[PDB]
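By convention in this document, chain letters (A, B, ...) are assigned in the order of the sequence lines, proteins followed by strands, and residues within each chain are numbered from 1.
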Amino acid sequence: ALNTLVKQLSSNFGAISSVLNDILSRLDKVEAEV
Amino acid sequence: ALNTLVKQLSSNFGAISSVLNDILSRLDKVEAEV
Amino acid sequence: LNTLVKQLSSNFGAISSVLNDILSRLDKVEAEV
């Protein structure tokens with residue numbers, strides 16, 4: 001159903017944001033060490 | 001309605017592509033320094 | 001909503017693939033600094 005899809009999408013995008021933020025923070029730290 | 005959802009999704013996916021591209025670009029550069 | 005769901009599945013699969021490649025590459029650089 002539509003409402004279920006929308007909830008799934010919010011969870012997916014939330015997880016993607018989390019993973020991207022972790023990557024960005026780690027990449028910042030590596031860049032600072034070169 | 002559906003049109004609103006599709007526009008929101010399109011915007012979300014565009015932002016994710018932009019961020020991924022920036023990360024890939026930055027990773028390429030760091031890999032060259034280590 | 002079959003068409004949209006199929007498109008979304010494809011997009012999310014591609015994102016997971018790209019994220020995995022990034023995480024692998026990031027792990028290696030962290031080990032090399």
Practice item. Evaluate the side-chain contact (heavy atoms from CB on, under 4.5 Å) criterion for residues C:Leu1 and B:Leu2: first the C-alpha distance (whole Å), next the side-chain angles of each, then the deciding distance (0.1 Å), finally the verdict. Key: CA-CA 10 Å; C:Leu1 261 19; B:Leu2 208 35; 3.8 Å; yes
Identify all side-chain donor-acceptor contacts of residues 5-13 of chain A below 3.5 Å with residues at least two apart in sequence or on another chain.
{"from": "A:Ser10", "atom 1": "OG", "to": "A:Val6", "atom 2": "O", "distance (Å)": "3.1"}

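- No side-chain donor-acceptor contact under 3.5 Å links B:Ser18 to the backbone of B:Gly14.
- Here CG of C:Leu26 is found 6.0 Å from CG of B:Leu27. Values are rounded to the nearest 0.5 Å.
- Under the salt bridge (charged side-chain N to carboxylate O under 4.0 Å, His left out) criterion, the residue pairs touching residues 15-24 of chain C are C:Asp21-C:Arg25, with sequence neighbours excluded.
- Pairs engaging residues 15-34 of chain B under the ring-ring contact (aromatic ring centres under 6.0 Å, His included) rule: none recorded [sequence neighbours left out].
- When side chains are defined from C-beta on, B:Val34 does not count as touching A:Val30, because their heavy atoms never get closer than 4.5 Å.
- Of all heavy-atom pairs between B:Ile23 and A:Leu24, the closest is CG1-CD2, 3.7 Å.
- For the atom pair CD of C:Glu30 and NZ of A:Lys29, the computed distance is 5.5 Å after rounding to the nearest 0.5 Å.
- Sorted by first then second residue, the salt bridge (charged side-chain N to carboxylate O under 4.0 Å, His left out) pairs that include residues 9-18 of chain A, not counting sequence neighbours, number zero.
- Qualifying salt bridge (charged side-chain N to carboxylate O under 4.0 Å, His left out) partners for B:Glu33, counting only residues two or more places apart in sequence or in other chains: none.
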